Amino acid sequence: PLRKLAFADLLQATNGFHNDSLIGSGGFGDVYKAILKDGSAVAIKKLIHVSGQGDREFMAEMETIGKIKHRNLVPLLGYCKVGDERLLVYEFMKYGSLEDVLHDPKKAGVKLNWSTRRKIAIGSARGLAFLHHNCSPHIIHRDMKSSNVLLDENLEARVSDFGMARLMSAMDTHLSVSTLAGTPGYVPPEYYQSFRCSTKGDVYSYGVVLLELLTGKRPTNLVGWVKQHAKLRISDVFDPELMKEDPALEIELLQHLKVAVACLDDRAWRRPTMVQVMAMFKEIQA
């Protein structure tokens, strides 16, 4: 069960929030790696801007990822809400974010061959499909991107960062919101025109991620550049390290590219659902 963690425990597990335990900061707050007094390896997120943008994000995760468990979603282990302080505690994912691995620090890190990236794309997709289909009310993530796909010890994908997620009734096609949420290079185009979000928006953003697995490049655009070279020579867009592995899987890559293109359609009604995406990934291996 989700644990209510005392603020002092988190203070001491991070050595008084010392810089040496900091592994990320900006916008939302801070993220620290720590070992809890019971031995648990965890990531502890310290939210800033409480009683406003910070407290809304806190409740967003509590009402979504804090209420569900799934093999392809980051497990939220605990929380701490003491006055002005807002903290959330997650199981520590060994290999960090997909963005860090994909754009390796000093060109060094874990090498991801196609078999592993394909596993990452299927796991990521199953995570979102659970949010869109199996959860009632459905969950719209609203900020899917490669920094929000974490990789555990087995290089399995686990979707993270529900600070902007929202609940939508199953008897609704969209959710009208107050603000525009998302990251440059991942926003669905219809989010710029309407204060509305949907599972088809998550599908768009998932498409960008699958493109990062296929091309190896950052979204900042990348979506349009692939769409332009898709009508020319689609052999000049995939990650060069994937073609070194085997040029015989270029046919398999193109089929995954078609899945990505369908997710990235400017029309939300034409995008697949994540359940269709999963089924499509399965037909490629059959």
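By rigid core we mean the largest C-alpha set that fits within 1.5 Å across both forms. The first residue of the sequence shown is number 1, and the count goes up from there.
Undergrad: Quick one: with the core lined up, is it 21-29 or 274-282 that wanders further in 4 other deposited structures of this protein, going by C-alpha RMS?
TA: Comparing 21-29 with 274-282, the larger C-alpha deviation in 4 other deposited structures of this protein belongs to 21-29.
Undergrad: Output yes if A108 is unmodelled in at least a third of the other compared entries of this protein, no if it is modelled in all of them.
TA: Yes.
Undergrad: Please figure out whether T220 and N221 are truly consecutive in the deposited sequence or have unmodelled residues between them, and give none, 1 to 3, 4 to 9, or 10 or more.
TA: In the record, 4 to 9 residues between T220 and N221 lack coordinates.
Undergrad: Should the higher mean CA B-factor in the entry be assigned to 36-44 or to 242-250?
TA: It is 242-250.
Undergrad: When the C-alpha temperature factors are averaged for each of 163-171 and 100-108, which stretch ends up with the higher value in the entry?
TA: For C-alpha atoms only, the mean B-factor is higher in 100-108.
Undergrad: Between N113, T199, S147, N134, where does the Cα B-factor run highest in the record?
TA: If I rank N113, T199, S147, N134 by C-alpha B-factor, first place goes to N113.
Undergrad: Test of reading the entry: by CA B factor among the chain's modelled residues, which third contains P272?
TA: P272: CA B-factor falls in the lowest third of its chain.
Undergrad: When the deposited Cα B-factors of this chain's modelled residues are ordered and cut into thirds, is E85 in the lowest, the middle or the highest one?
TA: It belongs to the highest third of the chain when residues are ordered by C-alpha B-factor.
Undergrad: Among the modelled residues of its chain, does the C-alpha B-factor of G123 lie in the lowest, middle or highest third?
TA: Lowest third - that is where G123 ends up once the chain's C-alpha B-factors are sorted.
Undergrad: Is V237 in the lowest, middle or highest third of its chain when residues are ranked by C-alpha B-factor?
TA: It falls in the top third of the chain.
Undergrad: Place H70 in the lowest, middle or highest third of its chain's C-alpha B-factors, as listed in the PDB entry.
TA: Bottom third by C-alpha B-factor.
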